[PDB]
Protein chains: 4
Amino acid sequence: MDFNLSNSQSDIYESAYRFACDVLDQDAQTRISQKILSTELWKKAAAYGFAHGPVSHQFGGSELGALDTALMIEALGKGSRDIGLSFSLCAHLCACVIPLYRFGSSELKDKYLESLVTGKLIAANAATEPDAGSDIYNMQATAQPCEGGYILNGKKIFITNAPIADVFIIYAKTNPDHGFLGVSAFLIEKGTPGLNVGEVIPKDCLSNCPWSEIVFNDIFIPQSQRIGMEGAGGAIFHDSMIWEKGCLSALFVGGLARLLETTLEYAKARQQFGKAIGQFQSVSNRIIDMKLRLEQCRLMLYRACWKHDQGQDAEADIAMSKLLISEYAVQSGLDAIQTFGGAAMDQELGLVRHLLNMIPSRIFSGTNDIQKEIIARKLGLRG
Amino acid sequence: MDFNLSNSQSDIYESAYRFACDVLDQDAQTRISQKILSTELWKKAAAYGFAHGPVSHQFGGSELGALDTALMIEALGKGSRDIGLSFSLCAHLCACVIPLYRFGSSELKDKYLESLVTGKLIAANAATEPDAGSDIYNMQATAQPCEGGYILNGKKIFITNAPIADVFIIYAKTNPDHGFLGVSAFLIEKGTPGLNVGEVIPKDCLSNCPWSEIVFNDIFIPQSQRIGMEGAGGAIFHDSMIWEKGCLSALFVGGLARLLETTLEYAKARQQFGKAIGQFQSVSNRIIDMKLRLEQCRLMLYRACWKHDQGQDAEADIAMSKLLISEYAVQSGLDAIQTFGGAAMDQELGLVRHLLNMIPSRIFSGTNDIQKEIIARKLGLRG
Amino acid sequence: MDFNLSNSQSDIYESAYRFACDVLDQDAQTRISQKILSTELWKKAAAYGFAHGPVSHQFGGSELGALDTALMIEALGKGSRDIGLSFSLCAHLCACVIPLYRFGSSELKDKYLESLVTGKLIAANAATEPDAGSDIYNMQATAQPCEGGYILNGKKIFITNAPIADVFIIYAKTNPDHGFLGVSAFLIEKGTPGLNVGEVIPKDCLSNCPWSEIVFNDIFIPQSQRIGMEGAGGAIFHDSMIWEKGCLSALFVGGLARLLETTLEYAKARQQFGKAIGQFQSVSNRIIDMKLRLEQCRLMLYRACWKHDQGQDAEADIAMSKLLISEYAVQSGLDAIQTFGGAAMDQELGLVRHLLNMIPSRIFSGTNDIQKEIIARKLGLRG
Amino acid sequence: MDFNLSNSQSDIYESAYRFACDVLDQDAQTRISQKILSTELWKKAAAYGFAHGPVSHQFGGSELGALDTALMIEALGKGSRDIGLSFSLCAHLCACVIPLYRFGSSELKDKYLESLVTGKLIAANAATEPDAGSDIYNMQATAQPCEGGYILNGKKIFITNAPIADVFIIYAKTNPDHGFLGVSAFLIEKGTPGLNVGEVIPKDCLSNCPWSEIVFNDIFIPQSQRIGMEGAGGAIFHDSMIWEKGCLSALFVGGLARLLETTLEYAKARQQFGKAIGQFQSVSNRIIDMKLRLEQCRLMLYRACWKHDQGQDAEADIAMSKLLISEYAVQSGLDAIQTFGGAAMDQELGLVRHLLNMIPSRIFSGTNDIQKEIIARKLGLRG
Ligand SMILES: Cc1cc2nc3c(=O)[nH]c(=O)nc-3n(C[C@H](O)[C@H](O)[C@H](O)COP(=O)(O)OP(=O)(O)OC[C@H]3O[C@@H](n4cnc5c(N)ncnc54)[C@H](O)[C@@H]3O)c2cc1C
Ligand SMILES: Cc1cc2nc3c(=O)[nH]c(=O)nc-3n(C[C@H](O)[C@H](O)[C@H](O)COP(=O)(O)OP(=O)(O)OC[C@H]3O[C@@H](n4cnc5c(N)ncnc54)[C@H](O)[C@@H]3O)c2cc1C
Ligand SMILES: Cc1cc2nc3c(=O)[nH]c(=O)nc-3n(C[C@H](O)[C@H](O)[C@H](O)COP(=O)(O)OP(=O)(O)OC[C@H]3O[C@@H](n4cnc5c(N)ncnc54)[C@H](O)[C@@H]3O)c2cc1C
Ligand SMILES: Cc1cc2nc3c(=O)[nH]c(=O)nc-3n(C[C@H](O)[C@H](O)[C@H](O)COP(=O)(O)OP(=O)(O)OC[C@H]3O[C@@H](n4cnc5c(N)ncnc54)[C@H](O)[C@@H]3O)c2cc1C
Ligand SMILES: [Cl-]
Ligand SMILES: [Cl-]
């Protein structure tokens with residue numbers, strides 16, 4: 001048992017933190033105010049290494065493990081206020097780069113993977129539908145096999161990066177049943193006939209991270225664009241969620257570390273009744289809760305990633321981490337606001353915007369109720 | 001013991017609800033989107049009766065008790081999405097109209113009170129300072145007595161309605177000590193030399209309800225503009241907070257009643273896994289919490305107002321109501337968002353904006369930690 | 001709307017409180033220490049009126065409504081430390097006296113009801129089985145119709161008062177289906193051939209309130225011992241639970257009122273660090289929670305009972321009250337213990353025994369998860 | 001970073017677990033029922049190694065680090081139902097053996113330490129007084145220096161093991177001020193003139209772990225019985241609490257691991273409504289909370305002990321662990337009871353007794369409010 005980072009891991013974290021502070025956080029307030037996702041800045045961050053993860057050197061990646069990748073993303077979360085951009089970049093990595101690397105043919109990787117790893121192409125992951133969110137195997141988009149490939153029809157919604165993506169990793173039914181083997185994955189390029197990408201739909205949470213719906217009207221998918229085997233898509237989707245749920249969630253751990261530091265500084269500096277407000281137990285009790293949450297969920301995250309790196313079954317640990325991080329991030333957001341009082345209603349300081357940005361952490365990649373269904377199944381309660 | 005409204009009270013509630021739906025809620029989405037406070041619409045609502053409260057018929061009021069006034073404001077909260085406007089109107093009523101009615105001289109009431117009651121003049125309440133929020137008796141603005149009145153200097157912050165107000169109810173020190181008798185209240189008109197009203201400072205919560213800072217640079221206050229006796233201001237401020245804390249908080253009870261209805265409708269209609277999502281206990285358990293909260297805090301509010309109407313000491317009951325309503329409003333906001341999942345990130349439906357609008361309820365008129373200090377004192381724990 | 005008791009209700013409460021303090025609470029510590037249920041003392045309390053409730057004067061009752069009955073039981077809970085005895089007496093009233101009064105034939109009432117009302121006979125309610133607790137319609141005891149009545153077989157468990165009861169109100173299947181109409185109710189006397197009443201089974205919660213299992217080995221039930229019509233038993237059981245869940249739960253409201261007074265007195269008197277421990281916000285924040293809980297659940301209880309008295313549908317209100325009272329009673333038990341620190345480990349003061357006595361409130365008459373299923377159904381979430 | 005135990009640590013844990021199951025847990029139910037602390041069995045466990053900890057081989061110890069010692073005690077907590085005995089043995093180790101080893105003179109260690117390490121003498125730690133619990137530096141017992149040593153007077157309360165102890169580690173004032181340097185520690189033998197050990201005072205929590213008060217009436221303490229330097233006692237007390245708070249708290253982590261296994265087995269086996277009760281989300285959501293708590297507080301405990309072993313400052317980490325473990329142990333106790341329903345009221349299964357045994361974990365060695373004061377001070381909020 002050892003609770004230190006390796007020297008390599010300390011360097012990865014500190015380098016990522018410096019990049020997030022010195023490059024991404026510069027001029028963040030203007031981009032946030034204007035709801036701008038700068039794709040030039042996104043591509044710099046991708047190329048710096050935030051789009052690399054476990055990808056091999058052959059395709060321009062860094063062969064990072066899960067703990068290394070989570071540490072990099074934790075630094076990003078602590079160092080940059082522009083969490084919309086960071087969420088966009090990490091969704092591309094965890095839900096698009098990594099599945100293509102893990103399941104795509106040599107031909108598909110040779111054509112697209114280095115471009116996705118190095119900041120040349122942006123990808124979006126398209127699985128959720130109007131009638132298939134938590135119940136993702138109810139998806140109704142169909143990739144009907146035909147001569148030469150598939151005919152694709154359907155509608156996908158809530159698709160992060162769709163308005164800016166060059167390629168789409170799309171999940172659709174290649175068989176009528178709701179089984180583990182009815183879903184397949186495909187890579188489709190922007191501009192393919194019949195791919196209709198909707199306009200950006202604004203939101204108040206992660207408000208500069210673009211999403212939209214996409215509609216497939218009789219798209220022809222060439223056989224060679226299928227990712228993995230026929231029917232693998234349920235398993236490919238599942239695997240990609242595991243990566244997203246652990247590593248991507250590290251963003252909110254780093255965000256909580258930044259929030260706690262900001263909150264402690266204010267509670268020491270702001271005086272009422274002749275003393276720092278942190279001297280009143282109502283105030284310090286909440287801040288202590290924020291610190292307890294941060295230490296607990298960080299350790300759970302690190303252990304989940306470490307278990308994956310060891311080749312152990314980490315499915316329940318990752319679901320537990322996802323759940324704790326997101327619940328703790330939202331509640332600590334509210335606790336920080338309450339520490340600042342009326343001063344929390346300053347848009348520049350951004351405490352309310354920070355809370356808005358944490359609200360979706362309990363929803364993306366599977367809600368926290370679905371995390372508990374996963375844990376319940378692993379505990380043997382769904383027999 | 002009786003838990004029915006009177007017929008008079010049912011009529012007051014239903015008339016207020018119809019006005020909020022048929023007048024104020026029309027075109028609310030455009031005003032919300034554009035961050036517009038329509039003063040023409042505000043004045044219609046004031047004149048309809050939302051600026052009347054307990055004021056006598058002599059000054060154009062309706063002689064409502066606290067329970068009647070709270071019921072009217074509950075209807076406003078349920079019926080209109082434009083809670084920024086409603087908060088603006090109720091702050092004018094509870095913190096400006098009512099103290100002037102209760103403490104001002106016949107001369108001051110004759111000059112200003114009917115105008116404030118009937119939608120002709122807008123008022124702002126100015127007590128909080130940079131170094132005096134919870135510790136309001138630390139306020140440093142000084143009204144130094146002189147020949148003919150007072151010389152006023154100081155700075156007030158977080159002042160609801162200041163950018164649109166015609167008159168300001170201002171609290172300042174007329175004596176150096178932090179005692180119950182060091183503070184006095186004054187009415188000052190917009191345009192008085194030395195009154196410098198700051199520009200609107202935007203916020204994400206209650207985002208169309210304007211606030212700003214105001215600065216006093218050697219304002220001369222004529223003696224006849226003092227509200228109540230010299231030193232009454234601590235007691236006048238306290239009394240106005242009691243009215244604000246009970247009646248004004250009813251807005252968030254009505255808002256919770258609307259939110260619960262919206263949430264129940266969705267949980268019955270949205271299906272996943274072959275059934276309505278309300279059939280899963282994770283989902284229904286949260287909605288039941290929202291319903292438990294609504295019923296409990298509504299009863300506590302009604303009893304607090306009823307006690308006031310009976311002439312009983314309601315101070316602790318009002319602090320308890322303020323605390324429960326605001327905590328429950330925020331947590332139910334988060335519960336509704338979690339019920340809708342990704343669909344909660346629709347700006348038109350407004351579930352995230354609703355949460356933003358509830359966040360300040362735990363802060364205005366005294367934070368919830370200060371409510372617990374008040375209750376602790378009434379329980380004998382501050383002896 | 002009115003939050004005062006009537007003069008009649010104030011007298012009922014104060015008379016019950018005096019009886020609980022001056023008769024039942026005397027020598028309670030010895031009976032508690034020795035795990036004694038004094039049936040002589042029980043019968044005095046029954047005859048005083050705690051076994052009367054809504055029963056008509058014809059059978060020696062007081063024709064109390066639900067709110068009156070709940071107030072009497074609240075006083076009992078506040079005034080007597082011997083909550084095991086009080087629970088025993090209220091179970092007899094709410095689950096045995098009242099169903100017999102509401103559903104039994106003139107012949108059955110004439111034979112047994114005045115004796116049960118006036119402290120002459122003790123009754124036990126026997127519905128729960130090893131395979132039928134929350135799922136009460138799965139009960140497997142069978143009352144097979146035959147010439148002259150029924151042949152009864154089965155086993156009932158968790159039966160309050162069975163070791164001391166003279167008569168048993170028993171629920172059993174008269175038809176094979178799990179429907180609303182498969183269950184019937186019967187009154188059976190102690191000593192009937194084939195009625196095998198088990199020995200008292202000790203417990204640490206409500207430890208002097210006796211319970212045991214009972215077994216039916218081919219009991220012959222005469223036709224005239226059926227309570228209500230054939231198949232009414234599901235509805236009779238349901239109705240009796242409504243009475244038990246509202247009125248009987250008042251015991252724990254009165255117990256919380258006593259606990260809060262004890263806790264406030266200690267927090268004012270116990271000094272550390274040069275002041276009363278109630279002056280520290282960690283301490284006063286918990287006590288304030290106890291007070292918030294007490295006021296909220298008392299109002300919910302009173303409204304539920306008042307709605308019943310008005311002839312309105314009170315089913316959801318009663319389930320909400322049951323849930324709030326019991327959750328609040330347990331958590332306030334823990335909060336009081338934490339206020340006293342090591343001093344809470346005094347058996348005479350009884351703070352730990354009080355917590356033990358509250359633990360079963362979340363279980364009897366339907367667990368709190370079943371209360372939420374009931375509320376969910378009334379909210380339309382079980383369609 | 002590594003989350004595996006070493007092979008040595010796995011052996012320590014498994015050996016301790018086997019001893020707790022195969023020796024201490026045998027016949028535990030009889031001892032629990034009879035409120036028996038078997039000193040013969042206690043001494044076997046001490047000699048097995050539970051009284052060794054970090055003590056050197058010179059005095060018969062095992063030179064364990066904090067993580068090793070915490071693992072041994074975690075196994076004890078999981079393997080033996082007789083947590084009263086385990087608490088007694090661990091209090092002797094952490095608050096008496098370890099301070100004597102760390103601070104006592106060669107002469108005092110040579111005379112007493114091997115006997116305490118090996119199961120020959122039992123010790124009690126006596127610091128708390130009627131007016132000095134959380135405010136331990138208010139203690140009023142005085143050790144007035146005189147020719148040859150000290151004259152001791154005072155009263156100590158809540159003293160674990162006092163009715164069975166052969167020696168007492170006693171803290172008293174050697175100087176009038178409440179400073180870090182006013183308190184000294186002394187070892188006093190049973191039977192010393194003027195040492196009046198009270199009779200066992202029963203309690204419902206940890207009910208077979210004996211405690212009592214002790215009174216000093218003009219005891220003469222020889223100079224050579226002082227432990228450490230004059231005035232070290234504040235620092236010796238503090239150090240002993242650090243050991244007690246981390247390692248001793250591991251008992252409740254192991255107890256939670258056992259409780260969760262018992263609870264999962266029941267939730268899989270008990271059926272209602274045609275399925276295992278674990279299939280209902282109200283039920284599985286609570287069990288998942290128990291599992292989340294166990295994993296989080298175990299990791300926090302291990303890291304606190306590891307930090308100590310690394311020579312790092314672990315004071316805040318230990319206070320956080322103490323707080324989380326004890327809060328989680330109590331709440332999981334209530335969650336297990338609610339999972340079992342009426343079946344939790346079985347004394348043999350012991351779910352209610354388990355809860356009683358966890359209640360004091362939030363109080364011993366400093367309440368959880370004092371843990372938050374410690375963390376607040378380490379966070380810089382008490383400047
Ligand atoms: C910021 C963000 C980015 C996203 N990016 C993408 C993307 O890039 N690609 C993509 O394909 N999708 C994306 N999604 C969609 C996300 O996958 C869905 O929002 C998620 O699967 C939940 O589905 P839903 O929103 O339809 O909620 P629903 O499934 O309708 O859930 C509604 C409520 O019902 C509860 N519920 C549903 N089923 C159960 C059950 N069995 N048991 C208990 N409770 C249940 C839910 O927990 C929730 O409380 C994104 C979502 C967000 C918030
Ligand atoms: C929507 C809104 C509208 C407002 N409108 C007006 C207006 O119209 N006129 C006007 O004069 N003011 C107005 N205010 C200001 C409001 O009165 C102050 O925000 C409030 O008094 C709290 O003061 P503060 O913001 O400086 O917080 P602070 O007092 O700095 O509180 C910061 C934190 O310290 C805690 N704290 C402070 N003292 C204690 C203590 N003794 N014990 C425990 N905790 C403590 C607080 O609870 C809070 O968590 C408005 C505020 C809001 C949010
Ligand atoms: C003090 C006390 C006195 C009692 N007196 C009597 C008496 O006099 N007469 C009599 O007949 N009975 C009596 N009972 C029994 C009581 O009725 C049962 O304990 C109660 O019905 C719960 O059943 P159970 O204990 O078998 O729990 P179970 O039904 O086994 O419940 C176990 C767990 O599963 C949960 N669960 C079960 N079904 C669901 C579901 N659909 N959804 C979500 N969660 C679920 C439960 O909430 C609980 O958490 C008494 C019980 C107590 C504690
Ligand atoms: C099982 C058990 C075994 C024990 N064994 C020993 C032993 O062997 N030797 C020995 O010397 N002692 C022993 N103790 C005593 C223990 O040290 C004291 O119980 C503990 O120090 C708390 O003191 P107290 O009980 O007087 O509570 P108090 O100090 O009176 O606390 C009462 C309440 O006030 C709160 N409070 C007090 N001060 C503050 C503050 N500044 N800020 C916020 N809240 C505050 C407390 O948190 C608590 O909620 C034992 C206690 C227990 C439960
Ligand atoms: Cl405090
Ligand atoms: Cl469910």
Side-chain angles (χ1 to χ4, degrees), chain A residues 263 266-267 269-287 335-345 369 372-373 376, chain B residues 84 87-88 91-92 94-96 123-136 138-139 156-162 165 168-171 203 205-206 209-214 237 240-241 244 248 275 279-285 326 357 359-374 376 382, chain C residues 275 278-285 369 372-373 376, chain D residues 275 279-285 369 372-373 376:
Chain A
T263 299
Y266 190 74
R270 170 58 169 179
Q271 286 193 226
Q272 288 290 270
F273 301 97
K275 63 193 79 193
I277 51 174
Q279 301 256 18
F280 295 108
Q281 287 173 1
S282 289
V283 171
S284 60
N285 283 166
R286 281 192 298 264
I287 295 168
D335 287 350
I337 285 166
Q338 205 54 14
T339 304
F340 280 70
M345 262 113 265
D369 304 315
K372 277 206 179 184
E373 290 302 290
Chain B
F87 186 85
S88 166
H92 164 98
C94 299
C96 302
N125 159 230
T128 302
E129 306 196 0
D131 299 320
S134 300
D135 183 6
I136 187 61
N138 191 50
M139 63 174 74
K156 301 298 198 186
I157 60 173
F158 303 145
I159 303 311
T160 293
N161 291 330
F168 293 84
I169 308 301
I170 286 155
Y171 295 85
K203 45 172 186 285
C205 310
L206 302 170
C209 183
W211 71 358
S212 62
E213 73 190 28
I214 64 185
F237 184 64
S240 77
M241 297 268 101
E244 192 172 343
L248 192 156
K275 63 193 79 193
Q279 301 256 18
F280 295 108
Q281 287 173 1
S282 289
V283 171
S284 60
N285 283 166
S326 57
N357 291 334
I359 281 166
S361 64
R362 303 193 303 174
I363 301 166
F364 85 94
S365 292
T367 67
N368 283 346
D369 304 315
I370 268 53
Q371 300 321 308
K372 277 206 179 184
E373 290 302 290
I374 292 171
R382 300 284 177 269
Chain C
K275 63 193 79 193
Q279 301 256 18
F280 295 108
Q281 287 173 1
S282 289
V283 171
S284 60
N285 283 166
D369 304 315
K372 277 206 179 184
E373 290 302 290
Chain D
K275 63 193 79 193
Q279 301 256 18
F280 295 108
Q281 287 173 1
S282 289
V283 171
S284 60
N285 283 166
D369 304 315
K372 277 206 179 184
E373 290 302 290

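So you know, we letter chains A, B, ... as the sequences are listed, proteins then strands, and number each from 1. Counting starts at 1 for both ligands and their atoms, in listed order.
The aromatic rings of B:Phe87 and B:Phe364 sit perpendicular, their planes meeting at an angle over 60°, well past the 30° parallel limit.
Take B:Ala376 and apply the side-chain contact (heavy atoms from CB on, under 4.5 Å) test, not counting sequence neighbours, and it matches B:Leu381, B:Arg382, C:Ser284, C:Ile288. Residues satisfying the side-chain hydrogen bond (donor to acceptor under 3.5 Å, both in side chains) criterion with C:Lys372, sequence neighbours excluded, are B:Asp289.
The single protein non-hydrogen atom nearest to atom 25 (O) of ligand 2 is A:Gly342 N, 2.7 Å, given as residue, atom name and distance. With hydrogens left out, the protein atom closest to atom 1 (C) of ligand 2 is B:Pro360 CB, 3.7 Å, a heavy atom. Looking only at heavy atoms of the protein, atom 9 (N) of ligand 2 is closest to B:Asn125 O, 2.8 Å. When only non-hydrogen protein atoms are considered, atom 12 (N) of ligand 2 lies nearest to B:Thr128 OG1, 2.7 Å. For atom 27 (O) of ligand 2, the closest heavy atom belonging to the protein is A:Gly341 CA, 4.0 Å. For atom 20 (C) of ligand 2, the nearest non-hydrogen atom of the protein is B:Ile363 O, 3.8 Å. Closest protein heavy atom to atom 38 (N) of ligand 2: A:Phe273 CE1, 3.4 Å. Looking at atom 49 (O) of ligand 2, its nearest protein heavy atom turns out to be A:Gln338 O, 2.7 Å.
The parts of B:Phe158 lying near ligand 2 are both backbone and side chain, judged by heavy-atom distances below 4.0 Å. Heavy atoms of A:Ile277 found under 4.0 angstrom from ligand 2 belong exclusively to the side chain. Contact annotation for A:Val283 and ligand 2: only side-chain heavy atoms (C-beta onward) come within less than 4.0 Å of the ligand. The part of B:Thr367 lying near ligand 2 is the side chain, judged by heavy-atom distances below 4.0 Å. Only side-chain heavy atoms of C:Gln281 come within less than 4.0 Å of ligand 2; its backbone N, CA, C and O stay farther off. Of all the heavy atoms of A:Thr339, the ones lying under 4.0 Å from any atom of ligand 2 belong exclusively to the backbone. Using a 4.0 Å cut-off between heavy atoms, B:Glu129 makes no contact with ligand 2 at all.
Heavy-atom proximity to atom 39 (C) of ligand 2, evaluated over B:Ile157, B:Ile370, B:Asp369, is greatest for B:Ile370. For atom 28 (P) of ligand 2, the candidate residues are B:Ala91, B:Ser134, A:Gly278, B:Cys96; the nearest heavy-atom contact is made by B:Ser134.
Pairing each heavy atom of B:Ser212 with each of B:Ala162, the nearest pair is OG-CB, 3.3 Å. Of all the heavy atoms in B:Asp131 and B:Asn138, the pair that sits closest is O-ND2, 2.9 Å. The shortest non-hydrogen separation linking A:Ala336 to A:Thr263 is CB-OG1, 3.4 Å. In plain terms, the two heavy atoms of B:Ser134 and A:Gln272 that are nearest each other are N-OE1, 3.3 Å. Among all heavy-atom pairs drawn from A:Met345 and B:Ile363, the shortest one is CE-CD1, 4.0 Å. Closest of all the heavy-atom pairs between B:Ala127 and B:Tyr171 is CB-CD1, 3.8 Å.
Distance alone, capped at 3.5 Å, is enough to place a donor-acceptor pair between the C:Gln281 side chain and the A:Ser282 backbone. Side-chain atoms of B:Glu129 never come within 3.5 Å of backbone atoms of B:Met139 as a donor-acceptor pair (strictly under, hydrogens ignored). B:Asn357 places a side-chain N or O within donor-acceptor distance of the main-chain N or O of B:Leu206, the cut-off being under 3.5 Å. Here the side chain of B:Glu244 pairs no donor or acceptor atom with the backbone of B:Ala91 at under 3.5 angstrom.
Considering both main-chain and side-chain atoms, A:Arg270 comes within under 3.5 Å of ligand 2 through a nitrogen or oxygen pair. Of the polar atoms of B:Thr160, at least one N or O is found under 3.5 Å from an N or O of ligand 2, judged by distance alone. Considering backbone and side-chain N/O atoms, B:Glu373 never comes within less than 3.5 Å of an N/O atom of ligand 2.
In this structure, A:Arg286 is part of the shell of residues with a heavy atom less than 4.0 angstrom from ligand 2. Within the structure, the closest approach of B:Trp211 to ligand 2 falls below 4.0 Å when heavy atoms are considered. For B:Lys372, the heavy-atom gap to ligand 2 stays at 4.0 angstrom or more.
In this structure, the separation between NZ on B:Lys156 and CZ on B:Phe168 is 13.0 Å, given to the nearest 0.5 Å. From B:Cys96, atom SG reaches atom CG of B:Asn125 across 5.0 Å, with rounding to the nearest 0.5 Å.
Against a heavy-atom cut-off of under 4.0 Å, B:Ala127 is close to the following atoms of ligand 2: 10 (C), 11 (O). Atoms of ligand 2 found under 4.0 Å from any heavy atom of A:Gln272 (numbered from 1 in listed order, with element): 29 (O).
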